[PDB]
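Data block for my_file.tsv (TSV, C-alpha atoms):
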chain	number	residue	atom	x	y	z
M	1	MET	CA	0.00	0.00	0.00
M	2	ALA	CA	0.74	3.69	-0.55
M	3	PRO	CA	-2.41	4.89	1.21
M	4	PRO	CA	-3.69	8.45	1.18
M	5	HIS	CA	-2.46	10.06	4.38
M	6	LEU	CA	-3.61	13.75	4.24
M	7	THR	CA	-6.94	15.38	4.89
M	8	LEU	CA	-8.46	18.76	5.61
M	9	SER	CA	-8.29	19.73	9.25
M	10	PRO	CA	-11.68	20.20	10.88
M	11	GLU	CA	-11.14	23.98	10.64
M	12	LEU	CA	-10.35	23.97	6.91
M	13	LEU	CA	-13.33	21.63	6.28
M	14	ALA	CA	-15.58	24.23	7.97
M	15	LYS	CA	-14.15	27.02	5.72
M	16	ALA	CA	-14.21	25.01	2.51
M	17	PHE	CA	-17.70	23.70	3.26
M	18	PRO	CA	-19.44	26.50	5.27
M	19	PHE	CA	-22.79	24.65	4.87
M	20	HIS	CA	-21.65	21.12	5.72
M	21	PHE	CA	-23.05	19.17	8.64
M	22	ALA	CA	-22.30	15.79	10.25
M	23	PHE	CA	-24.71	13.63	12.26
M	24	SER	CA	-24.58	10.41	14.25
M	25	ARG	CA	-26.64	7.19	14.25
M	26	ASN	CA	-29.02	8.78	16.81
M	27	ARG	CA	-29.78	11.48	14.18
M	28	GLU	CA	-28.05	14.13	16.34
M	29	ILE	CA	-26.15	16.92	14.59
M	30	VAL	CA	-22.62	16.91	15.95
M	31	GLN	CA	-20.95	19.44	13.67
M	32	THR	CA	-21.78	22.25	11.19
M	33	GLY	CA	-19.87	24.61	8.90
M	34	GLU	CA	-19.45	28.26	9.97
M	35	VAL	CA	-22.15	29.89	7.81
M	36	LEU	CA	-24.87	27.28	8.44
M	37	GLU	CA	-24.75	27.72	12.26
M	38	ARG	CA	-24.46	31.52	11.91
M	39	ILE	CA	-27.75	31.75	9.93
M	40	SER	CA	-29.75	29.28	12.01
M	41	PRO	CA	-31.93	30.95	14.71
M	42	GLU	CA	-31.43	27.94	16.97
M	43	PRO	CA	-28.11	26.20	17.71
M	44	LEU	CA	-27.98	23.14	15.44
M	45	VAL	CA	-25.39	21.01	17.27
M	46	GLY	CA	-27.20	18.58	19.62
M	47	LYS	CA	-30.49	18.79	17.75
M	48	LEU	CA	-32.12	16.06	15.66
M	49	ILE	CA	-31.60	16.49	11.92
M	50	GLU	CA	-35.27	16.27	11.01
M	51	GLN	CA	-36.19	19.26	13.19
M	52	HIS	CA	-34.00	21.24	10.82
M	53	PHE	CA	-33.80	19.53	7.39
M	54	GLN	CA	-36.02	17.75	4.93
M	55	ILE	CA	-34.63	15.45	2.20
M	56	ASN	CA	-36.02	16.43	-1.23
M	57	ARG	CA	-33.97	13.93	-3.33
M	58	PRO	CA	-33.73	10.99	-3.30
M	59	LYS	CA	-37.28	10.29	-2.11
M	60	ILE	CA	-36.30	8.59	1.15
M	61	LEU	CA	-36.93	9.08	4.84
M	62	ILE	CA	-34.29	10.87	6.87
M	63	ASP	CA	-32.92	7.63	8.37
M	64	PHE	CA	-29.24	6.92	9.09
M	65	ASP	CA	-28.92	3.45	7.55
M	66	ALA	CA	-31.06	4.40	4.52
M	67	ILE	CA	-28.74	7.37	3.81
M	68	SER	CA	-25.57	5.34	4.51
M	69	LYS	CA	-26.63	2.69	1.99
M	70	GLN	CA	-26.54	5.32	-0.81
M	71	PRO	CA	-22.96	6.75	-1.07
M	72	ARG	CA	-23.16	7.80	-4.76
M	73	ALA	CA	-26.53	9.58	-4.61
M	74	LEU	CA	-26.66	13.32	-5.01
M	75	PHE	CA	-28.67	14.51	-2.03
M	76	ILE	CA	-30.95	17.53	-2.14
M	77	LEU	CA	-31.82	18.88	1.28
M	78	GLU	CA	-34.07	21.70	2.37
M	79	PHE	CA	-33.08	23.81	5.38
M	80	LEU	CA	-36.46	24.16	7.10
M	81	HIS	CA	-35.87	27.62	8.62
M	82	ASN	CA	-35.69	29.51	5.30
M	83	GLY	CA	-36.48	26.88	2.64
M	84	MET	CA	-32.96	27.18	1.16
M	85	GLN	CA	-31.99	24.00	-0.70
M	86	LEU	CA	-28.56	22.41	-0.29
M	87	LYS	CA	-27.06	19.88	-2.67
M	88	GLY	CA	-24.27	17.35	-2.17
M	89	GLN	CA	-22.95	13.96	-1.07
M	90	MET	CA	-23.62	11.99	2.08
M	91	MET	CA	-20.40	10.26	3.16
M	92	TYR	CA	-20.34	7.62	5.87
M	93	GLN	CA	-17.39	7.68	8.34
M	94	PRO	CA	-17.36	4.21	10.05
M	95	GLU	CA	-14.54	4.80	12.59
M	96	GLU	CA	-16.43	7.72	14.17
M	97	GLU	CA	-19.93	6.49	13.14
M	98	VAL	CA	-21.06	9.76	11.53
M	99	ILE	CA	-22.29	10.90	8.11
M	100	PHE	CA	-20.99	14.13	6.63
M	101	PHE	CA	-23.30	16.05	4.37
M	102	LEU	CA	-20.87	18.01	2.23
M	103	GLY	CA	-23.36	20.42	0.79
M	104	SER	CA	-23.64	23.85	-0.71
M	105	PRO	CA	-26.60	25.99	-1.88
M	106	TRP	CA	-27.61	25.02	-5.40
M	107	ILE	CA	-28.69	27.69	-7.88
N	1	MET	CA	-14.61	29.11	20.88
N	2	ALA	CA	-16.65	26.03	19.87
N	3	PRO	CA	-14.34	24.84	17.05
N	4	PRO	CA	-15.19	21.97	14.67
N	5	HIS	CA	-13.61	18.69	15.76
N	6	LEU	CA	-14.39	16.15	13.01
N	7	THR	CA	-13.12	15.70	9.48
N	8	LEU	CA	-13.09	13.12	6.70
N	9	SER	CA	-10.32	10.51	7.02
N	10	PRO	CA	-7.77	10.60	4.12
N	11	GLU	CA	-9.47	7.52	2.67
N	12	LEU	CA	-12.92	9.09	2.73
N	13	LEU	CA	-11.59	12.23	1.09
N	14	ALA	CA	-10.17	10.26	-1.84
N	15	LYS	CA	-13.60	8.72	-2.32
N	16	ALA	CA	-15.60	11.98	-1.84
N	17	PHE	CA	-13.27	13.86	-4.20
N	18	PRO	CA	-11.87	11.28	-6.64
N	19	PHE	CA	-10.16	13.97	-8.77
N	20	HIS	CA	-8.45	15.83	-5.95
N	21	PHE	CA	-4.72	16.17	-5.41
N	22	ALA	CA	-2.54	17.74	-2.72
N	23	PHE	CA	0.95	19.16	-3.15
N	24	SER	CA	3.70	20.57	-0.97
N	25	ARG	CA	5.87	23.74	-1.09
N	26	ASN	CA	8.35	21.98	-3.37
N	27	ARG	CA	5.42	21.56	-5.83
N	28	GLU	CA	5.58	17.79	-5.75
N	29	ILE	CA	2.24	15.95	-5.70
N	30	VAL	CA	1.79	14.12	-2.39
N	31	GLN	CA	-1.64	12.47	-2.90
N	32	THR	CA	-4.42	12.22	-5.48
N	33	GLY	CA	-8.00	10.93	-5.52
N	34	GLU	CA	-8.70	7.46	-6.88
N	35	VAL	CA	-9.98	8.32	-10.36
N	36	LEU	CA	-7.21	10.82	-11.00
N	37	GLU	CA	-4.48	8.13	-10.78
N	38	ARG	CA	-6.58	5.89	-13.06
N	39	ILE	CA	-6.81	8.32	-16.03
N	40	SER	CA	-3.16	9.35	-15.77
N	41	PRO	CA	-0.66	7.61	-18.11
N	42	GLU	CA	2.02	7.88	-15.39
N	43	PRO	CA	2.00	7.87	-11.55
N	44	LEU	CA	1.46	11.41	-10.23
N	45	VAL	CA	2.57	11.15	-6.62
N	46	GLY	CA	6.17	12.38	-6.28
N	47	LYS	CA	5.93	14.25	-9.59
N	48	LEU	CA	6.03	18.00	-9.99
N	49	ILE	CA	2.63	19.56	-10.64
N	50	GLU	CA	3.77	21.63	-13.66
N	51	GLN	CA	4.76	18.41	-15.44
N	52	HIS	CA	1.14	17.30	-15.48
N	53	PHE	CA	-1.15	20.28	-15.07
N	54	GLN	CA	-1.30	23.88	-16.14
N	55	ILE	CA	-3.33	26.70	-14.64
N	56	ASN	CA	-5.90	28.19	-17.03
N	57	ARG	CA	-7.62	30.41	-14.42
N	58	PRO	CA	-6.70	32.61	-12.62
N	59	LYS	CA	-3.69	33.83	-14.63
N	60	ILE	CA	-0.85	33.13	-12.19
N	61	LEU	CA	2.41	31.21	-12.14
N	62	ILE	CA	2.41	27.67	-10.85
N	63	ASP	CA	4.06	28.37	-7.47
N	64	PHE	CA	2.76	27.38	-4.06
N	65	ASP	CA	2.75	30.93	-2.60
N	66	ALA	CA	0.83	32.58	-5.48
N	67	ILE	CA	-1.78	29.80	-5.33
N	68	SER	CA	-1.91	30.18	-1.53
N	69	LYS	CA	-2.84	33.83	-2.09
N	70	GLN	CA	-6.00	33.10	-4.11
N	71	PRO	CA	-8.08	31.43	-1.34
N	72	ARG	CA	-11.45	32.35	-2.86
N	73	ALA	CA	-10.64	32.16	-6.59
N	74	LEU	CA	-11.99	29.46	-8.86
N	75	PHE	CA	-9.19	27.44	-10.33
N	76	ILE	CA	-9.41	25.75	-13.65
N	77	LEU	CA	-6.55	23.40	-14.26
N	78	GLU	CA	-5.82	21.54	-17.44
N	79	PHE	CA	-4.48	18.00	-17.38
N	80	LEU	CA	-1.59	18.35	-19.90
N	81	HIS	CA	-2.11	14.81	-21.04
N	82	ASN	CA	-5.68	14.68	-22.41
N	83	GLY	CA	-6.64	18.38	-22.11
N	84	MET	CA	-9.32	17.51	-19.56
N	85	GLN	CA	-10.18	20.46	-17.34
N	86	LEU	CA	-10.62	20.43	-13.59
N	87	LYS	CA	-12.48	23.19	-11.82
N	88	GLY	CA	-12.40	23.75	-8.08
N	89	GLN	CA	-10.93	25.38	-5.01
N	90	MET	CA	-7.34	25.51	-3.71
N	91	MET	CA	-7.14	25.23	0.07
N	92	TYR	CA	-3.97	25.80	2.01
N	93	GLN	CA	-3.44	23.67	5.16
N	94	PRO	CA	-0.78	25.31	7.47
N	95	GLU	CA	0.20	22.29	9.59
N	96	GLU	CA	1.11	19.70	6.95
N	97	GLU	CA	2.04	22.67	4.73
N	98	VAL	CA	0.08	21.44	1.71
N	99	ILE	CA	-2.56	22.82	-0.69
N	100	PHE	CA	-5.50	20.56	-1.60
N	101	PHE	CA	-7.03	21.08	-4.99
N	102	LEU	CA	-10.60	19.88	-4.54
N	103	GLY	CA	-11.85	19.85	-8.09
N	104	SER	CA	-13.54	17.76	-10.75
N	105	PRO	CA	-14.49	18.04	-14.44
Would you mind giving the structure from this file in structure tokens?
Amino acid sequence: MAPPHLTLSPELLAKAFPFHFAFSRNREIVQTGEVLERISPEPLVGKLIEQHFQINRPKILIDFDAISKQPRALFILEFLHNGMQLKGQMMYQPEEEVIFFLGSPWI
Amino acid sequence: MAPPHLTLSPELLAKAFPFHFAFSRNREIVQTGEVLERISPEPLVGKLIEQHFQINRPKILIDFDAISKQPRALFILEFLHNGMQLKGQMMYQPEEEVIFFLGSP
């Protein structure tokens, strides 16, 4: 092996993806990008995803295993507070047991 | 502060961005995404960036410091080999002292 060995630090990930979020099996939001938390009226970290987002595409329930069994799908999410739509990938991180939504507003 | 504490592992990053690469101050490529190594006639890691890519936008030289100074600019890089074009962001990471190009066609 010559494995990849570099990644973005959590800080750079939050700058590069200011609308990302990550959530755990319990559906709790555990991290957000800088802009997304700034524009939310309520703190998002510690809250359940479905109090704050709806999944527009694909036509599935907001369920951790359902999402994790679809790594190649392009997700479309709606931020419930202002109806802004975010688009991007849902990537499962097994070691930590979280999914990152790496999303940005689509236009 | 309530800083972010989680990030994608190196392996997850290569899957999420299969056309990415990172390079160091000496301009040698230190990692690439999966697909990028697959469509490249020769191994990229350990090679100098300017032997494989050119910058189409913005109009700057291919040096680490100039690139580091365009944090918000959209980069369009051309794979010298097939002429394929990669568009994305250049992000400088102070601790490992690398720049990740997170782009795709």
Each chain M residue no farther than 8 Å from chain N, nearest pair in Å, only C-alpha atoms, as a Markdown table:
| residue | atom | partner | partner_atom | distance |
| --- | --- | --- | --- | --- |
| M:3 | CA | N:11 | CA | 7.7 |
| M:4 | CA | N:10 | CA | 5.5 |
| M:5 | CA | N:10 | CA | 5.3 |
| M:6 | CA | N:10 | CA | 5.2 |
| M:7 | CA | N:10 | CA | 4.9 |
| M:8 | CA | N:7 | CA | 6.8 |
| M:9 | CA | N:7 | CA | 6.3 |
| M:10 | CA | N:7 | CA | 4.9 |
| M:11 | CA | N:4 | CA | 6.1 |
| M:12 | CA | N:93 | CA | 7.1 |
| M:13 | CA | N:7 | CA | 6.7 |
| M:14 | CA | N:4 | CA | 7.1 |
| M:16 | CA | N:91 | CA | 7.5 |
| M:31 | CA | N:4 | CA | 6.4 |
| M:32 | CA | N:4 | CA | 7.5 |
| M:33 | CA | N:4 | CA | 7.9 |
| M:89 | CA | N:16 | CA | 7.7 |
| M:91 | CA | N:16 | CA | 7.1 |
| M:93 | CA | N:8 | CA | 7.1 |
| M:100 | CA | N:8 | CA | 8.0 |
Could you work out how far atom CA of residue N:69 lies from atom CA of residue N:52, giving the answer in Å with one decimal?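 It comes out at 21.6 Å.
For the set N:38, N:63, N:51, N:19, the residue with the smallest atom-to-atom gap to residue N:88 is N:19, counting all atoms listed in the file.
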May I ask for the distance between atom CA of residue N:82 and atom CA of residue M:104, given in Å to one decimal place?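 Here the two named atoms are 29.6 Å from each other.
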Please give the centre and size of the box around stretch 44-50 of chain N (axis-aligned, containing every atom listed in the file, 5 Å added per side), with values in Å to one decimal and written as lines of an AutoDock Vina configuration file.
center_x = 3.8
center_y = 16.4
center_z = -10.0
size_x = 14.7
size_y = 20.5
size_z = 17.4
Quick check, in Å to one decimal: how far apart do atom CA of residue M:39 and atom CA of residue M:15 lie?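 Atom CA of residue M:39 sits 15.0 Å away from atom CA of residue M:15.
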At a cut-off of 12 Å, using only C-alpha atoms, what residues contact residue N:66? Leave out same-chain residues fewer than 4 positions from it and give the result as number ranges by chain. N: 25, 27, 55, 58-62, 70-71, 73, 90, 92, 99
Would you kindly identify which residues have an atom no farther than 12 Å from (-33.9, 18.6, 15.3), using all atoms listed in the file and the file's own coordinates, and write them out as a tab-separated table (two decimals) with C-alpha atoms, in the coordinates of the input?
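Written file, point_35.tsv:
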chain	number	residue	atom	x	y	z
M	23	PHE	CA	-24.71	13.63	12.26
M	26	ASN	CA	-29.02	8.78	16.81
M	27	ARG	CA	-29.78	11.48	14.18
M	28	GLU	CA	-28.05	14.13	16.34
M	29	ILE	CA	-26.15	16.92	14.59
M	30	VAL	CA	-22.62	16.91	15.95
M	40	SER	CA	-29.75	29.28	12.01
M	42	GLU	CA	-31.43	27.94	16.97
M	43	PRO	CA	-28.11	26.20	17.71
M	44	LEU	CA	-27.98	23.14	15.44
M	45	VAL	CA	-25.39	21.01	17.27
M	46	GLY	CA	-27.20	18.58	19.62
M	47	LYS	CA	-30.49	18.79	17.75
M	48	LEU	CA	-32.12	16.06	15.66
M	49	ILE	CA	-31.60	16.49	11.92
M	50	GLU	CA	-35.27	16.27	11.01
M	51	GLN	CA	-36.19	19.26	13.19
M	52	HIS	CA	-34.00	21.24	10.82
M	53	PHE	CA	-33.80	19.53	7.39
M	54	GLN	CA	-36.02	17.75	4.93
M	62	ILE	CA	-34.29	10.87	6.87
M	79	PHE	CA	-33.08	23.81	5.38
M	80	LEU	CA	-36.46	24.16	7.10
M	81	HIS	CA	-35.87	27.62	8.62
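Closest approach to residue N:67 among N:36, N:17, N:48, N:101 is made by N:101 (distances from all atoms listed in the file).
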Using all atoms listed in the file, which residues sit within 12 Å of residue N:83 once same-chain residues fewer than 5 positions away are excluded, as number ranges by chain? N: 39-40, 52-56, 76-78, 105
